[PDB]
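Notes for the one structure printed next.
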Amino acid sequence: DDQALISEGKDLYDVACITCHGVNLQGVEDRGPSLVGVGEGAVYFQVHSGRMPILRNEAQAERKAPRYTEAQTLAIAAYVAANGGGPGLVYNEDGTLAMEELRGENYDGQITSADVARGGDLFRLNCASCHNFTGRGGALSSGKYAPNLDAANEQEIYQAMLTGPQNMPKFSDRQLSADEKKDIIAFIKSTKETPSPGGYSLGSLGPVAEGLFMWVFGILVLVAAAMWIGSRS
Amino acid sequence: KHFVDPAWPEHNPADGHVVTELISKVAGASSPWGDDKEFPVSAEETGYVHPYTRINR
Amino acid sequence: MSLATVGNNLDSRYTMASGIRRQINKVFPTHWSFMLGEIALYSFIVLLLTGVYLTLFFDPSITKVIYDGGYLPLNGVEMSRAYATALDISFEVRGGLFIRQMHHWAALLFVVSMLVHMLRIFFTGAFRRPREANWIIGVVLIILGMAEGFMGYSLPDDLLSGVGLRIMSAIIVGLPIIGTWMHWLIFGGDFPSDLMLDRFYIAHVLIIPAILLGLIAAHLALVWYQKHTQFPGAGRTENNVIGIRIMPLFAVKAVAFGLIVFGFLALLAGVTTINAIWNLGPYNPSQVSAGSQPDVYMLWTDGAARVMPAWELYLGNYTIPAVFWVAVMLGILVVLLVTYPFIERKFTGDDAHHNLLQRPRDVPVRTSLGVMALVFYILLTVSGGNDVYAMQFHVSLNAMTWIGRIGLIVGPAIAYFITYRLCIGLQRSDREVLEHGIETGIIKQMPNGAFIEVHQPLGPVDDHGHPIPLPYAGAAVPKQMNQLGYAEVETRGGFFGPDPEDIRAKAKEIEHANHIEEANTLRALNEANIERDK
Amino acid sequence: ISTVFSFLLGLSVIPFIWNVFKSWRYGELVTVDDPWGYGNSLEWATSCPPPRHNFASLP
Amino acid sequence: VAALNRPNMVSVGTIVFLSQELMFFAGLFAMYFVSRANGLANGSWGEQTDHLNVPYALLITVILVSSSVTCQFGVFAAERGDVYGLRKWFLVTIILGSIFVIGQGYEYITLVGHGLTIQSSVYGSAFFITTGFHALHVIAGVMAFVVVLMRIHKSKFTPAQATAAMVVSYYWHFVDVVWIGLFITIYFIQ
Amino acid sequence: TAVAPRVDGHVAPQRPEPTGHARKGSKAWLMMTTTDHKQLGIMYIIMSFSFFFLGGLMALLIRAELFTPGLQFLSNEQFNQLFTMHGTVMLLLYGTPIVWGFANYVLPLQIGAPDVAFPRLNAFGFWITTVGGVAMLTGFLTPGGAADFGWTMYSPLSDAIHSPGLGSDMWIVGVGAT
Amino acid sequence: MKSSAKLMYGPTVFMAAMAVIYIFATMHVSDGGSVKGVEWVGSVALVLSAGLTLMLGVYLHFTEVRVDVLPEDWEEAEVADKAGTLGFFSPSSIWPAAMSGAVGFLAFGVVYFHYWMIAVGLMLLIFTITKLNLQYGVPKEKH
Ligand code: HEC
Ligand code: HEM
Ligand code: HEM
Ligand SMILES: C/C=C(C)/C=C/C=C/[C@H](OC)[C@@H](C)[C@@H](OC)[C@@H](C)CCc1oc2c(O)c(OC)cc(OC)c2c(=O)c1C
Ligand SMILES: [Ca+2]
C-alpha cells in the first residue's frame, strides 16, 4: 500500500508543488520554504484546509476551497513524510483518522463541561491573544491576521497546534500535552456550536458590534418614532 | 354605476380613455398635479403664509 | 363622580388652583427634534429601575471563590465574587439575563441620545444667551454618563473589563508629579486592590447617579423656567411660544413616547446579546484578547491612545510618558466643548438675548466646525476599534493607525470645506425659490419654440409676471407643489370602498374651511407681530 | 524605445489639463451662436451655453 | 381641437428595461444548458432530476398565472379611473405572489432536506442559481406592487399614478413569462 | 409655409452667463441633486477624464518596469495587478462613461428636447458609475491588492480556488455597478 | 414612430438567421481545430438577442399603429404645432445619489459576504427606491 501511496503522492507533487518547493523538496529561494521534515501533519493541514497551493505571495496565505481530495492529500503527505519525517496525524484506536473523538480528553458521545472549563483557560492563555475570546479572529501586523476558528475540523485544529502555520507559534506535545490540546478542541467546538442565550450574538466581536448596532440603527428607529409623533414644521 | 375618482379628467367617451398602456395624450410623463390644472395660481390660493421674522440685534 | 370633594380638600389645604392652572396651560413647541432630550431622560429612568434590581443579586467583593452555579462550563474555576454573582444573575435568576441586557442596552441608548441631543443644541444655536447654563450642565452630564458607563462595565470583573481597569490605572500612574500618589489614593494601593471594586461600586450606584439626578433635575427645571426655544415660522417671534399646551396633548404625547422607548429597550434586551461575560472568563493579569475594545462611548479615548506617537520625555532621573499627551489632547477637547458659547461670543460679536433658533444652513461656520469635530470624533472612534476593522475588512493595521494619524488632520479640513459649500448651496437654493417660485416640473412649449418651466410664485407678482421677491425669514421655504398640497387625496373612504357621497362632500367642505381658518389665523398673527414692531 | 515615447505620451496631458482649467475661467468669450461658423446640427441654433431647458426658440 | 395620441413614454421605458432583463436571464439559461450537455454526456443529469416534484411546480405555476390575470384586471380598473378596483386586485395579486415565493421556499427546503444543494452537484448549482434569481425578481415585483398601493394611498389618483400601476403590471407579466419558460425547461423536458 | 407678423417691442432673449463667474456654493448642492442632463454630462466627462489619468498612470508604471530586463521596482504580482486594473479602468470607467456623458450633453440639443425622458434615472446612472469606480479601485487598499487576472477574468483562474483575494470580488462588483 | 419600429426587423431577421446557421453548423460541421457538437452559449445568446430586438420591434409597431400623425413625424411641421404642455419632468432629487449609496453598501457587503451588510444594503435599497417613487406625492403636514 504505502509505496503505491508514495507513487501517487510524488505524481501529484510533480504537477502542483514543484515550482515553489523544488523537485527534492528543498525549497526555492523566494517562492517557498523547504518541506524536509515538516511531516504528514503539515501537509494535511495545508492541503486539506486549502492553503496550498499558494498562487501569489502577499502578507498571508488564506484559507480557500481545497484543490485535492482527502485521499489525495494523504498520498502527498506520505510522499513528503518520506523526505525526513516530522509530526504525523492523530489516528484513533481503530485506525481511522481521528475526528469527533478529539472533542475533549473525556469524550464519550457528548462534550463534558470540565473539559470545556479547563480548555477555556488554556485557550484564553495560549490562543485568545490572537484569535479573540471564543475564536472570532484578530488582526496582526502588516496585513496578517488570525483566522476565524469556525471552518476548521478537529484534525485541523490539532495539526495547526502541532505545525505552527505561517506566523502561528508551534505547540509541541511536550508543551501542550495531548489532553490539553483535546480540551482546547472541546472548548472551540462548545463555543462554536452553542447559541447565545441572550438572543442574536452580533458576531460575538465585542463592544464595537453592539456600539455600531445601537449608535446607528437603534437611535435611528427612535428618531423615526420622534418624527412620527412630532412635527416637521 | 361604476366608480370614477374625483381627480380624474372628464373626456369625450368616443375617444377611449384618458390614458392606456400603449398611449397617452402627452409626450412626457403626466403631472402629479393633474393635467386638467392650469398653473400658476395666485399666492393667496396656495396657502403659504410667508413668515415675518425679526431677531434681536 | 366624587372629584368635587377631592379637589375641594386639596385646594383648601394648599391654595392650589392658580399654580396648577399656570402649569397645565404651558405651551411647548412640537418640532420632532425637541423630542430627543426626552429619549435620554427615559433611558435614565430605565437605567435606575433595572439598576436597583441588579443590586439585589450582585456581590461586589474581589474575594476569590471556586465557582459552583448554573453555568457548568466554569464549574471548578476560581473567580472573584463579583464575576460569580454576575454569572449567577445571568443563569440562576429567572429573567436575570434579560434585565442585565436591558440595563446595558439602556446605557448605550442613554449616551447616544445625549450625544444627538447635544448635536441639536449645537447646530440650532440654542446654547446662546440666556441658555449657556444649560450647555454647561449638559456637557457635565455627558462626561458623567461616560464615566458612569465605564465604572458600570468595570464591575463584573471579567477579563475584558479588567483590562480596561488595568489601562486606566496605568494612565493614572504616568501623570507627573502626582501620578503614583493619585493612584494609591484612588485604588488604595497597587493594582488590583482590595478596595478597588467596592469604591467603583459605590461610585456607580450612589455617588455618580446622585450627581446625575441632581443635574438632570436642575437641567429640566431650568428648561421649564426659561421656556423652550422655537424655529422661525408664521407668527413666531422672539417674544412668544407657539405650539401645544401640556394638558392634554403634550403630556399624552410624552407618555406615549416613553412607552415606545421602554418597549424598544425591552425588545433589545431579548433579541440581541450585549455582554456575554461568561465567554470572557474571569480576570487574569497575564491574559488578553485580540479585539479587546472598551464600550463605544469610550472608543475615542482608546483611539487617542492608538494614534499618539511615541513622544516620551526623559529628564534625568524622571520621565514624562508618551500617554501624557493623550490626556492633554483629550482634556483640551473636553475644555473646548464646555467653552463653546463663550468663544462664539468672542468671534461673532453677538451677545444678544435669543429665543428663535437658527437653521444650520444659515450659520455655515458653526455647522462646518461641528461637522469637522464629528469627523474628528468618528475617526478617533474608528481608530479605537481599528483592529476589528482590519480583521473584518482586511486592511493593514499599520495603515489603519496611519489613517488615524494623517486623517485627524486632513479629514476635518476636507469636512469643513465640503460642509461649508453645501451650507451655502442649500442657502442659495432657498433664495432661488423665494425669487422665482416653486418649480412645478411642468415644461410647456411656446409658439416661438421656447421651452419654459412653469413656476408657482409664493407671493405677489409684477406686471410682467415675474414675482416680487420675498425676503428670507429664517424659516423653511417649500420646494415642491405637493408641499403646498396639490397632491392631496380627493377621495374619502377605507381601503376596499369609498364612503357615501353625503359624507364625502361635507367632509371636504369642512376640511377646506379649516385650512382657510388656520391660514388666516397665522396671517392675522403675523400682521399683529409686524404692527407690534411699528 | 517604446517606454521613452510612453513617457512623452504621458507628458501630453499636461497642456491639456492646463488648457481646460485656464480656459474654463479666463477663456475667450463666445459672442455668437456658432463660433466655428458652419455648425450643421441643431445645437448651434441656440446660445453658448444653452439655457436650462436648451432652447429659447426653435427654427 | 382635441389632443393627439402619443406613445406612453413610461411604458416605452419599461418595455426597454424588460427587454434587457430578458437578456439577463439569457445567460443563466445558457449556463443551465451547457451544464445539461455535460451531464447528459454520462447520464448523471437524470439521476439528479429524479429529485424533482412536477405536480407542485405545476401548482405554483397555476398560482402565478392567476396572479398575472389579476394584475391585468387591476390595469383595467386603473385605466377606467377607479382606484378601488385597482386597489382590490393589486392586493389579491400581492397575496398570490407571496404564496408563490413561500411555495418556492418550501420547494428549496424540501430539496435540501434530501440531497440537492448548491455544493452537492452541478445540477443543484444550476437549479438554485436560475430559480433563485427568478425568486428574487418575484420579490422585487411584489415590492413594486406594494409601493404602488402606497403611492395611490397618499397621492390623488391622476393619470400619472395610473401609468405607474400599468407599468408595474408589465413587470409582473415579464416574471410570469420567465417562470413559464423556466418551468418548461427544468421540469418538463429536463 | 406660414410667415409670422413683425411683432412690436421684440428684442432677442437674454444670453446665459458663461463659466468662471460662479459664486461660492453655486454647484455643491446642485451637483448633489441636479437632474439637468447637461450638468450631468459635464460631471460624466470630468469623472471619466480623472479615471483616464488613473489608468494611464498604471500604464506608465507598466512601461517603466518593461524598460530593462530585470524587475527593478515591481514584483510579478504587482505588475499583474497593474495591467489588469489599467485595462479595466480605461475600458469601463473612462470609455463607457465618456460615451454616455457626451450623449447626455449633446443629444437633447441635437433632437430638440428640453430634458431627457427620465431625469432621475440619469442621475442614478451617473452616481452608480462613480460607485462602481470606487468599488473597483478599493481593491488596491487591501494588503494583497487589486485583481490580477487580466480584464477578461478567464476561468478557472478567476475561481476562488485560484484567485482568493478580496480584490477579485471587488472587481466583479465594480464592473457590475458600471 | 414608423421608421424606428420598422428598422428593428433588420437585426431580428439577421440574428435569427445567424442563430439557425450557427446551430446547424456547430453540430454538423467538423474541422481539425474544434470538436463537433452544438455550442449552447452562442445558440441561446443569439436566439435571445433576436428575442430582444423582436420585443422592441413588435411593441413599438403595435403602438405606432394607433398613434396619430405627430408633428415630429411629419416633414413640413410648423414649430407651433407642439405648443402647449410637453410633460412633467423632475426638477431635482436627492434620491438617485441615495440609491447609489445603498447599492454601494450592498455590493461591499456582497464582496466581504457580511450577512448584516447584505441585509442592511437591501433594506437601504428598497427604502431609497421607495422614497424616490414617493417624492412628488408626500402629503402636506397636517399640523
Ligand atoms: C498569534 C501569534 C496566534 C496564536 C497565539 C495562535 N494562533 Fe492560531 N493562527 C494564527 C495565524 C496567523 C493563523 C493562520 C495560519 C495560516 O497558515 O493560515 C492561525 C491558524 C490557526 C488555525 C487554522 C484555522 C483554519 O482556518 O483552518 C487554527 C485551528 C488555530 N490557528 C488554532 C489555534 C489555537 C488552538 C491556538 C492556541 C493553542 C492558536 N491557534 C494560537 C495565529 C495564532
Ligand atoms: C441607581 C443607579 C444604578 C444602579 C443601582 C446600577 C447598578 C448596576 C449593577 C449592580 C451592575 C452590576 C454588574 C452587572 O450586572 O453585570 C451594573 C452594571 C452596569 N451599569 Fe449600572 N447602575 C445604575 C446606573 C447606571 C447608569 C446611570 C449607567 C450609565 C450611564 C449604568 C451603566 C452600567 C453598565 C454599562 C453596566 C454593565 C452591565 C453589564 O455589563 O452587564 N448604570 N449597574
Ligand atoms: C441625560 C441628559 C439630558 C437630559 C435628560 C436632557 C433633557 C432635556 C429636555 C427634555 C429638554 C427640552 C426638550 C428638548 O429640547 O428635547 C432639554 C433642552 C435642552 N438641553 Fe438637554 N438633556 C440632557 C443633556 C443635555 C446636553 C448634553 C446638553 C448640551 C451640551 C443639553 C442642553 C440643553 C439645552 C441648552 C436645552 C434647551 C433647549 C431649548 O430650550 O430649546 N442637555 N434637555
Ligand atoms: C476614578 C477614575 C478617575 C479619576 C479617572 C480619571 C481619568 C483618566 C483618564 O484621563 C486622564 C481618562 C480620560 C481615560 O484615559 C484616556 C481612562 C478612563 C482610560 C480609558 C481607556 O480605557 C480602555 C479600556 O477600558 C479598554 O478596555 C478593554 C481598552 C483600552 O484600550 C485598548 C482602553 C484605553 O486605551 C483607554 C485610554
Ligand atoms: Ca525592468
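The count begins at 1 with the first shown residue.
For all residues, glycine too, the Cβ spot is worked out from N, Cα and C.
Here is what Swiss-Prot says about this protein:
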DOMAIN    A:4-84  domain 'Cytochrome c 1'
BINDING   A:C17, A:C20, A:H21  heme c 1 binding site
DOMAIN    A:114-192  domain 'Cytochrome c 2'
BINDING   A:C127, A:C130, A:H131  heme c 2 binding site
TRANSMEM  A:211-231  transmembrane segment
| field | Contacting binding-site residues for ligand 1, chosen from A:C17, A:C20, A:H21, A:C127, A:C130 when the Cβ sits under 6 angstroms of any of its atoms | value | A:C127, A:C130
| About how far apart, in whole Å, are the alpha carbons (Cα) of A:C20 (heme c 1 binding site) and A:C127 (heme c 2 binding site)? | 30
| query | So what sits near A:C127 (heme c 2 binding site) in its own chain, CB-to-CB under 8 Å and at least six residues off in sequence? | reply | A:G135, A:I184
| query | Residue counts in helix (H, G, I), strand (E, B) and coil for the domain 'Cytochrome c 1' (A:4-84), per DSSP? | reply | 37 helix, 2 strand, 42 coil
| request: Could you name the residues, excluding A:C17, A:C20, A:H21, of the same chain that surround the heme c 1 site, i.e. Cβ within 8 Å of the Cβ centre of those residues, in sequence order? | output: A:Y13, A:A16, A:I18, A:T19, A:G22, A:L25, A:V28, A:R31, A:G32, A:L35, A:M52, A:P53
| field | Summary of DSSP states over the domain 'Cytochrome c 2' (A:114-192), given as helix, strand and coil counts | value | 41 helix, 4 strand, 34 coil
| query | Taking just the CA atoms, what is the gap between A:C130 (heme c 2 binding site) and A:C17 (heme c 1 binding site) in Å? | reply | 30
| note | Here the 10 Å Cβ neighbour count for A:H131 (heme c 2 binding site) comes out at 22
| Cα of A:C17 (heme c 1 binding site) to Cα of A:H131 (heme c 2 binding site): how many Å, rounded? | 29
| request: Write out the long-range same-chain contacts of A:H21 (heme c 1 binding site), meaning residues 6 or more apart in sequence whose Cβ is under 8 Å from its Cβ. | output: A:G27, A:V28, A:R31, A:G32, A:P33, A:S34, A:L35
